[PDB]
Amino acid sequence: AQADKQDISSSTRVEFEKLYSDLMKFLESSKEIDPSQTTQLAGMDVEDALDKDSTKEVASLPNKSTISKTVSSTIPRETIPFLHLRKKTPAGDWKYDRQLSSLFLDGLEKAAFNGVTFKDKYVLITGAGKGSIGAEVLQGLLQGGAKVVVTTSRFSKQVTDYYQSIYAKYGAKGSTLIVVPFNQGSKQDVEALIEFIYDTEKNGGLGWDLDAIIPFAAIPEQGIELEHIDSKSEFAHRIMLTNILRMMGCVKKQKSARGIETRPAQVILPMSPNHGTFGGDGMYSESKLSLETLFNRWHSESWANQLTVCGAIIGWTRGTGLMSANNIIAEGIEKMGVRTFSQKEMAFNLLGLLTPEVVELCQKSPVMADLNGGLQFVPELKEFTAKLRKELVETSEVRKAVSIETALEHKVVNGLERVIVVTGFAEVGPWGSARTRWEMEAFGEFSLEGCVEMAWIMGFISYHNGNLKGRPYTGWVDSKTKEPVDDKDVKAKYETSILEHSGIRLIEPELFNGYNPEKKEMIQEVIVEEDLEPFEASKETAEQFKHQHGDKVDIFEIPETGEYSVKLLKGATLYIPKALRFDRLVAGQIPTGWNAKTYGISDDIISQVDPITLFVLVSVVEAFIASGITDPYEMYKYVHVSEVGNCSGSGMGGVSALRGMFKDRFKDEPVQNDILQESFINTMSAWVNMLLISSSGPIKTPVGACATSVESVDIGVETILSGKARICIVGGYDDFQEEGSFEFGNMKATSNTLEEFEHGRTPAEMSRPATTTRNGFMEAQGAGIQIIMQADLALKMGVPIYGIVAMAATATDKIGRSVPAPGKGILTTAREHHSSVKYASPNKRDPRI
Amino acid sequence: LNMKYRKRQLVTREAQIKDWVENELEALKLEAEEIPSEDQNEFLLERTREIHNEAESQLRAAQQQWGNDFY
């Protein structure tokens, strides 16, 4: 609806787009159309206080890429085309047989305007991603509709998201995207690689046919003349030619195993016209010349109906991240002998070398093609290449030399009432306050005023450094790292990279070393007994001997009276100790945290209440400043009978010392007797009652576990739907314990590493919903609280307010033979019940809704 | 009915409960004095400030439904 000015124009383009969508709806598999205003080269020798500029002009006579064919068409001087398609000259080399070359020109002319699809081409890539050519070769093949799979030399989180952007950015209607790490060298692996890409789905997967191939190489190998045939450059000389030669044969050997041999496969080969031509190259040149044996080899060696060779001479392209010497001149080359192509989108032409009307011609014959933009028409490339820079590097320098001596010369001479709202909310999750993670759901960055909140927690800063008495004189900043690095540690420009990742990469896995209380998880203390017959006579301290005597009866271990001492010891064949055993646990390391929990909180309550109860205790104050209402005594100035109050705290665990009561008691570790009050599930709210705001009104406390803390809202909102109570407070926390895991995953739910390691290492990931790699969700320690008010006292002297209450659970109405069974219609189908007796017209009980 | 209706909120109740505010004023207006004039304001401040509660009880009771319990 038109109230926003943009919205009308938005609506204008919408129907414009919608029609463009509707017209092309269910059409072909889109384009290859890289409609970006292609530039050229922009070198600019700055006169004054700067040197060489960079690049990216705008290119005169271009704009649309339609022109970019035509510009690349009629090349300069004695030329056929800038990029040509030659032929093996029936006696000689690669003469520009313009006959067949016309079609490639035409196919390029067929591009831009007409969309260029590539649906169902079955392609595979060796070369890199973000660095160079293949990403362009990737991208158009996505919008070509092609079924594509890709390798990578590296393997990281940094590359995994990288392609994950692109399939969400360029993957068309029918394209398929799957990645895999792959070392090009160490040639044994490609047999497993060629396995997996022709394997049936009852094997590793990907039942494809692989009908095009691009093997783009690596390893720059710079600055080496002839007499050095040295190390891994030699190994690099293998991986430019040997393995890729050993690649394409077993493709056919896999293909002719099935015998689908009247459907061939493309191979496009990166050729180089400049061999014996550049400088400190080493093995790179004559390795590139090795590819040309295939032209004779494609005839007369029985694989021609399977492999479709069409090489690519391409070179001298900017867009330098790697492999591109001279990110500098690009312009005198297009001036002295004006010949073209110092650009970045040569691969656009290479996409045209994977289309029909061409590959069918490649089914006829291999295609040598001088795609290189007339660069061979330069006599003496290399020294003239040096000659351009050596003039340019001095003139930049000598002007940069002019101003400094000018500056050297210059410097010297001078001197209602039942609908209820939420009012203060606060959770302590894995990260910091709820205000911290609300940025962390928004961004990855921590918003420096918010980032120091992450440093106020975890004990990282040392705020309240004395308003007086800083570093030797006065002056003060909220300090950090108690007394090495107290130097002024500011909430402005500082705290970046000095409180970062070491301060950030502690809250995600390895779960700790030594927190709960130790819980190594690399070794789990699992214990076995034994009953051999050595006999020892150790030493004791008295009154242990009687429970020694009571446990194993007098036919074993007659103790003795150990005269002038306490007693004496072991007798017979002992039937004990349950010593220990080094055992390995697989499942672990989902959560972590906070590394410090003592805010301004009263000590010696942390001797007693301890384990999980700190987290709720800080939380409710954290919700009260989220309410903006400290001093909870000052609620009763809205004078009541004070009969309203307490929360409905919940959680399955909290065991945390019951393991002390069960494992450590009966193994005698000194734990307080008063732990039985702290065993139960409501005693959290009791210190929310007693050593906090202290009305003795309503308390409910359900369990709701494995999906908990939503339920206490509903029973809490029932209490204010009832007149039995006004203002209330919610349930909350889960918690994590060492007996929790392993007895987690034995029920086979939560997660399991190693198959989380071994699939994609990525320990910060750990959560893959709905892109079909789920392993359960996760587990966290967690603590969370929301408070709610009567909407009227919430109005009258405003708390303030957040939002709107929504739902109502708990009518299960189901039985089976399973626990747990997920939420099917067992829940939330009585929600939106809506029995549908015959209405055909709209307008507590309500059989309609 | 699920649209934010308010019409039947205003028509049946919010007129009928507004019918006997003046007619509930009339319900006192048969006992106008009748031996008040010594107990007039006790006859005023007891009945009038308790029939306001009945209207107020009927106010939220009508507004039980029509939105707060529309379903």
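Residues numbered from 1 in each chain as written, not as in the entry; some residues may be left out. Chains lettered and ligands numbered in written order. Part of a larger assembly, values for the part shown. Heavy atoms only, no water. Residues with missing side-chain atoms left out of burial classes, pairs and counts.

- Under the PDB entry, chain B has the name Fatty acid synthase subunit alpha and belongs to Saccharomyces cerevisiae.
- The title given to this entry in the Protein Data Bank is "Apo-state Fatty Acid Synthase".

- Named according to the PDB entry, chain A is Fatty acid synthase subunit alpha originating from Saccharomyces cerevisiae.

## Some words on the overall build of chain B
Here's step 1: Summing up its helical and strand segments, chain B has three helices and zero strands in all.
Here's step 2: The secondary structure elements of chain B, listed N-terminal to C-terminal, are α-α-α.
Here's step 3: Structurally, chain B occupies a C-alpha span of about 55 × 15 × 10 Å along its principal axes.
Here's step 4: Expressed as a percentage of the 71 residues in chain B, the buried residues total 15%.
Here's step 5: When the accessible surface of chain B is split by element, carbon and sulfur atoms take 49% of a total near 5,800 Å².
Here's step 6: Computed over 10 positive and 16 negative side-chain charges, the inter-centroid distance for chain B is 16 Å. (Helix = DSSP H or I, 4+ residues; strand = E, 2+ residues; numbered from the N terminus. Buried < 20%, exposed > 50% of the residue type's maximum accessible area, 1.4 Å probe, protein only. Areas by Shrake-Rupley, 256 points an atom, 1.4 Å probe, with all protein chains shown as cover. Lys, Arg positive; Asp, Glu negative; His and termini not counted. Charge placed at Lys NZ, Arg CZ, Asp CG, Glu CD.)

## Here we look at the overall build of chain A
Here's step 1: A tally of regular secondary structure across chain A gives 19 helices and 15 strands.
Here's step 2: Overall, the C-alpha framework of chain A stretches about 110 × 90 × 85 Å when taken along its three principal axes.

## Observations regarding the sheet that holds strand β3 (residues 123-125) of chain A
All names here are of chain A.
Here's step 1: Read from one edge to the other, the open sheet built from three strands follows the order β3-β4-β5, with strand pairing classed as parallel. Edge positions in the open sheet fall to β3 and β5 (176-179), since each of these has one partner strand only. Across this sheet, the average inter-strand angle for adjacent strands is 15°, counted without regard to direction.
Here's step 2: As paired strands, β3 and strand β4 (residues 147-150) are joined by three bridges and run parallel to one another. By the bridge assignment for β4, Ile125 is matched with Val150. (Pairing = 2+ DSSP bridges. Axes fitted to C-alpha atoms, helices over the stretch in contact; angles between N-to-C directions.)

## A look at the packing of aromatic side chains
All names here are of chain A.
Here's step 1: Consider the rings of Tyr122 and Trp208, whose centres lie 4.7 Å apart with planes at 20°: the pair is stacked. Linking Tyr122 in the loop between α3 (98-110) and β3 with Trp208 in the loop between α6 (189-196) and β6 (212-213), this pair joins segments that are 86 residues apart in sequence.
Here's step 2: Ring pairing ties together the aromatic residues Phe425, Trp438 and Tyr802, which thus form one cluster.
Here's step 3: Across from the ring centre of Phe757, 5.1 Å away, lies the NZ or CZ of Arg761, which sits over that ring. (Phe/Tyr/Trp six-rings, centres within 6.5 Å; stacked < 30°, edge-to-face > 60°. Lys NZ or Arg CZ within 6 Å of the ring centre and 35° of its normal.)

## So, the pairing of strand β15 (residues 783-789) of chain A
Residues and elements named next belong to chain A.
Here's step 1: Where strand β9 (residues 421-428) lies against β15, seven bridges are found, and the strand directions are antiparallel. Directly across from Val421, in β15, lies its bridge partner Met789.
Here's step 2: Note: strand β14 (residues 728-729) against β15, two bridges, orientation antiparallel. The residue bridging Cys728 from the neighbouring strand is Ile788, located in β15.

## Points about the environment of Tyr162(A)
All names here are of chain A.
Here's step 1: You can see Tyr162 is positioned in helix α5 (residues 157-167).
Here's step 2: With 32 residues separating them along the chain, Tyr162 and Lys130 place their C-alpha atoms 7.8 Å apart.
Here's step 3: Beyond its immediate sequence surroundings of up to four residues, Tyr162 is in contact with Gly129, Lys130 and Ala135. (Contact = heavy atoms within 4.5 Å.)

## Regarding the sheet that holds strand β7 (residues 265-267) of chain A
All names here are of chain A.
Here's step 1: Taken together, three strands build an open sheet; the order of strands is β6-β7-β8 and the sheet is parallel. Both edges of this open sheet fall to β6 and β8 (307-309), since each of them pairs with a single strand only.
Here's step 2: As paired strands, β6 and β7 are joined by two bridges and run parallel to one another. If you follow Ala212 over to β7, its bridge partner there is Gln266.

## Section: the packing of α6(A) against helix α7 (residues 233-258) of chain A
The relative placement of two packed helices is expressed as an angle between their axes plus a distance between the axes.
All names here are of chain A.
Here's step 1: Two numbers describe how α6 lies on α7: the axes approach to 10 Å, and their chain directions differ by 40°. The angle between the axes of α6 and α7 places the two elements in the oblique class. The crossing of α6 and α7 is right-handed. Contact with α6, carried on its side by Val190, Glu191, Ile194 and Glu195, involves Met247, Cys250, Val251 and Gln254 of α7 and no other residues of that element.
Here's step 2: Along the lines of polarity and charge, the residues of the contact of α6 with α7 split into five nonpolar, one polar and two charged. (Parallel < 35°, antiparallel > 145°, perpendicular 65-115°, else oblique. Left-handed = near helix turned anticlockwise from the far one by under 90°. Nonpolar A, V, L, I, M, F, W, Y, C, P; charged D, E, K, R; others polar.)

## With respect to the pattern of salt bridges
Where side chains of opposite charge bring their charged atoms close, a pairing between them can arise.
All names here are of chain A.
Here's step 1: For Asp209, the salt bridge identified is with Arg263, shortest N-O distance 2.9 Å. One end of the pair, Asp209, is in the loop between α6 and β6; the other, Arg263, is in the loop between α7 and β7, with 54 residues separating them in the sequence.
Here's step 2: A salt bridge links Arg584 to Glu521, with the nearest nitrogen and oxygen atoms 3.2 Å apart. Residue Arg584 is found in the loop between β13 (581-583) and α16 (613-627), and its partner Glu521 is found in the loop between β11 (479-480) and β12 (524-526); the two are separated by 63 residues along the sequence. (Salt bridge = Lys/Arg side-chain N within 4 Å of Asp/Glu carboxyl O.)

## A closer look at α7(A)
Residue and element names in this part refer to chain A.
Here's step 1: With 26 residues, α7 extends 38 Å from end C-alpha to end C-alpha; this agrees with the ideal 38 Å at 1.5 Å per step.
Here's step 2: At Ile239, α7 shows its maximal kink, close to 40°.
Here's step 3: After α7 finishes, the residue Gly259 shows a positive phi value of roughly 90°. (Expected span 1.5 Å × (residues − 1). Bend = angle between axes of the 7 residues up to and from the residue.)

## Focus: the packing of helix α2 (residues 19-28) of chain B against helix α3 (residues 40-62) of chain B
Residues and elements named next belong to chain B.
Here's step 1: Packing of α2 against α3 leaves a shortest axis separation of 11 Å and a crossing angle of 150°. Overall, the two elements α2 and α3 adopt an arrangement that is roughly antiparallel. The chirality of how α2 crosses α3 is right-handed. Here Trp20, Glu24 and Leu28 of α2 come into contact with α3, specifically with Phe43, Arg47, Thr48, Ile51 and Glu54.
Here's step 2: A class-by-class count of the residues in the contact of α2 with α3 yields four nonpolar, one polar and three charged.

## Looking at unusual backbone geometry
Here's step 1: Cis geometry marks the peptide bond from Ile576(A) to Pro577(A), where omega comes out at 20°.
Here's step 2: Within the secondary structure layout, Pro577(A) lies in the loop between α15 (544-551) and β13.
Here's step 3: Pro820(A) follows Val819(A) through a cis peptide bond whose omega is -5°.
Here's step 4: Tracing the sequence through the fold places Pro820(A) in the segment after β15.
Here's step 5: Backbone geometry at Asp668(A) places phi at a positive 60°, although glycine is not the residue there.
Here's step 6: Residue position: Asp668(A) is located in the loop between α17 (658-664) and α18 (683-689).
Here's step 7: One non-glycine residue, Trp66(B), lies in the positive phi region at around 55°.
Here's step 8: Inspection of the secondary structure assignment puts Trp66(B) in the segment after α3.

## Structural notes on the pairing of β5(A)
Here's step 1: As judged from the four bridges shared by β4(A) and β5(A), these two strands associate in the parallel manner. Counterpart to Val148(A) in the pairing with β5(A) is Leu177(A).

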